[PDB]
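1. enclosed are the sequence and the experimentally obtained structure.
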Amino acid sequence: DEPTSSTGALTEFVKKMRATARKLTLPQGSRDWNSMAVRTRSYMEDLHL
Amino acid sequence: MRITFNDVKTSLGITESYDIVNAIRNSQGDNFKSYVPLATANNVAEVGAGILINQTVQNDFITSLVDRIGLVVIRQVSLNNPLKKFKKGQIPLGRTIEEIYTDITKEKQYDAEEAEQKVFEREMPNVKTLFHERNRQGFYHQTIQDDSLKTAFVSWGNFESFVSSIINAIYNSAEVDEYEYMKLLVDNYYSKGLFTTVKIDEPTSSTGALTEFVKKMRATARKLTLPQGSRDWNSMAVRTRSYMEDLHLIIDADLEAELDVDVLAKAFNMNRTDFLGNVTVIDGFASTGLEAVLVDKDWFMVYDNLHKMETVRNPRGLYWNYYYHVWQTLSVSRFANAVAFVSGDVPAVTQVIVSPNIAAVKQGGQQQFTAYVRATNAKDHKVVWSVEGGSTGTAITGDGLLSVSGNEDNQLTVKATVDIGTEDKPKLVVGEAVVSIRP
């Protein structure tokens, strides 16, 4: 919604970012995070925000 | 020689909000009932405040005798300025100091066809120079009459202490004036809109208080520290960067107290929310809205030329004269980042900067000008270009292209104007540049 609107919004943004980062590097991979829809996997040390 | 004073009242220059004696006497059952049992309260009220210009008083027992002085105490103070760390070395010879900066260029795309007849064309480098001059020359003069002063004391220790008090006071005055001049530098810099102003009194959250100002300061410090630099934090609008170790934050006592009470108290890990620069504390600023000033180590350009003392003696009048001469140059650099954190009401646009301040063109040449508007709000303002040279045939285009008529001879002034007020009541901020004619 708005990270600067309230402290709850910042916490929700942090929650969403952490969840997305955790599910990006799942060992089985996923095809929900790229424009080519290919089953691929990322690594925690190769993720830049 | 006999100086005397008559009928001097105990209450000389006091304006009482209320009469303590009357308040004690009346108002039964009030908070003043505690002083009712005190029998000798009127004398305490009359005398305890202090007496200026005393007179000889006879004791009550024998009228002939006179009450004498019981104790004599001498008060002495020592003062120094906390901004002395911001000075540089001394320059013994010369008066003017030059400062030169070179900005960056602009990119052009690759065009082989266009590159046929532009091999030997010129692209003037962007350079900017500014000058500082000596502007402070003062002296402090004090006289001492030992023989005429000997009659006011009965002990050599007190006499010598009082004598040395004047010598101490001379240097105390020197330090105080130096601190006041250094503060005046910042005040004058703010008075001309040369600071990059940041408002810290507009939280965007439902509960944005107690953190908005510190968030703004941390964000501004990081933006200054950013490696790629920016043109938005200096009054010369040149692309430059600063460093975290060279950032000094002059803070107000009220704002430091606010920080310590609010942020640093009810928050663990104070290293994650403390200030980022080197904090220096002063007793507030003379400006209405000024709260904090973030500058670079190179912002200050204070130098000292002379610091000396000379004494002379008048033997006919039997006294000594001391002169303390201080010569200094006080200046600031426009090429360094300078942010002013302000918590009041400020104008929408504080200044307009024309990139080439000084130019020299021929009678048939053309010049390009760039206008940078320093605005305190997200609103975008439009500049209006004008030329006040006078000669016909000279006009400036809306984008900032100035053309010179074939036959003319006079200095030209180029103005970029921004209107921030309402209708039928103009409020104009004007940035000016000067142009000379080569032939």
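-> Done, it's in. Numbers count the residues shown, from 1 in each chain, chains lettered A, B, ... in the order given.
2. make it CA atoms for all contacts and neighbour counts henceforth
-> Noted.
3. for chain A, which residues are neighbours of chain B?
-> Residues of chain A found near chain B (CA under 8 Å from any CA of the partner chain) are A:4, A:5, A:6.
4. reformat those as JSON lines; add neighbour count and distance to residue A:34.
-> Compiled in JSON lines, those are given as follows (neighbours: other CA atoms under 10 Å in any protein chain shown; distance: CA to CA, whole Å):
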{"residue": "A:4", "neighbour count": "14", "distance to residue A:34": "28"}
{"residue": "A:5", "neighbour count": "15", "distance to residue A:34": "30"}
{"residue": "A:6", "neighbour count": "15", "distance to residue A:34": "31"}
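5. which one of those is nearest residue A:33?
-> Set against residue A:33, the nearest of the residues of chain A next to chain B by CA to CA is residue A:4 (25.9 Å).
6. my guess is the closest one contacts residue A:13. True?
-> No: counting by CA atoms under 8 Å, residue A:4 stays clear of residue A:13, with 10.5 Å between them.
7. so where does the residue most central in space within chain A fall, helix or strand?
-> When CA atoms, centre = their mean is applied to chain A, the residue found nearest the centroid is residue A:20 (2.3 Å). Using DSSP states H and E, residue A:20 sits within helix A:7-24.
8. how about that helix as PDB, C-alpha atoms only?
-> Taking Å, rounded to 0.1, in the frame of the first residue of the first chain, the C-alpha atoms of helix A:7-24 are listed here in PDB:
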ATOM      1  CA  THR A   7       4.800   1.500  10.700                       C
ATOM      2  CA  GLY A   8       2.400  -1.400  10.000                       C
ATOM      3  CA  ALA A   9       2.900  -1.000   6.200                       C
ATOM      4  CA  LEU A  10       6.600  -1.200   6.600                       C
ATOM      5  CA  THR A  11       6.300  -4.400   8.600                       C
ATOM      6  CA  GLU A  12       4.000  -5.900   6.000                       C
ATOM      7  CA  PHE A  13       6.500  -5.000   3.300                       C
ATOM      8  CA  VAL A  14       9.300  -6.600   5.200                       C
ATOM      9  CA  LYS A  15       7.100  -9.700   5.700                       C
ATOM     10  CA  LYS A  16       6.300  -9.900   1.900                       C
ATOM     11  CA  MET A  17      10.000  -9.400   0.900                       C
ATOM     12  CA  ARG A  18      11.200 -12.100   3.300                       C
ATOM     13  CA  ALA A  19       8.600 -14.500   2.200                       C
ATOM     14  CA  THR A  20       9.300 -13.900  -1.500                       C
ATOM     15  CA  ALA A  21      13.100 -14.300  -0.900                       C
ATOM     16  CA  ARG A  22      12.600 -17.600   1.100                       C
ATOM     17  CA  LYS A  23      10.300 -19.100  -1.600                       C
ATOM     18  CA  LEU A  24      12.600 -17.900  -4.500                       C
END
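9. next one: the residue nearest to the centre of chain A from residue A:13, what distance?
-> The gap separating residue A:20 from residue A:13 is 11 Å, by CA to CA, to the nearest Å.
10. same check on residue A:34?
-> 21 Å.
11. out of the two, which sits in the busier spot?
-> Between residue A:34 and residue A:13, counted using other CA atoms under 10 Å in any protein chain shown, residue A:13 has the larger neighbour count: 15 against 10.
12. mind listing what residue A:42 touches?
-> Counting by CA atoms under 8 Å, 6 or more residues apart in numbering or on different chains, residue A:42 makes contact with A:24, A:25, A:26, A:29.
13. does the nearest residue to the second one once chain neighbours are set aside belong to a helix, a strand or coil?
-> Closest residue to residue A:25 apart from its sequence neighbours, by CA to CA, 6 or more residues apart in numbering or on different chains: residue A:42 at 4.9 Å. Classification of residue A:42 using DSSP: H, G, I helix; E, B strand; the rest coil returns coil.
14. what separates the closest residue to residue A:24 other than its chain neighbours from chain B, distance-wise?
-> Counting by CA to CA, 6+ apart, the nearest residue to residue A:24 once its immediate chain neighbours are dropped is residue A:42, at 6.1 Å. Distance, residue A:42 to chain B, using CA to the nearest CA, to the nearest Å: 29 Å.
15. next one: residue A:20
-> Taking CA to the nearest CA, one finds residue A:20 at 25 Å from chain B.
16. same check, this time on residue A:10
-> 11 Å.
17. might one say that that residue is in contact with residue A:17?
-> No: using CA under 8 Å, residue A:10 makes no contact with residue A:17, being 10.5 Å away.
18. these two: who's more crowded?
-> Just comparing residue A:10 and residue A:17: by other CA under 10 Å the higher neighbour count belongs to residue A:10, 15 against 12.
19. can you report how many residues neighbour the nearest residue in space to the more buried one that is not next to it in sequence?
-> Closest residue in space to residue A:10, ignoring its immediate chain neighbours: residue A:3 at 4.8 Å, by CA to CA, 6+ apart. For residue A:3, the neighbour count with other CA under 10 Å is 14.
20. go on, residue A:24?
-> Counted with other CA under 10 Å, residues neighbouring residue A:24 total 21.
21. which residues sit in contact with it?
-> Going by CA under 8 Å, 6+ apart, the list of residues near residue A:24 reads A:30, A:33, A:41, A:42, A:43.
22. so in terms of bridging, what pairs with the first one?
-> The bridge-partner assignment for residue A:30, based on DSSP bridges, gives residue A:40.
23. tell me the contacts of it?
-> A:24, A:38, A:39, A:40, A:41.
24. which residues touch the residue nearest to the third one when sequence neighbours are not counted?
-> It refers to residue A:39. Spatial nearest neighbour of residue A:39, excluding adjacent residues (CA to CA, 6+ apart): residue A:31 at 4.6 Å. Residues near residue A:31 by CA under 8 Å, 6+ apart: A:37, A:38, A:39, A:40.
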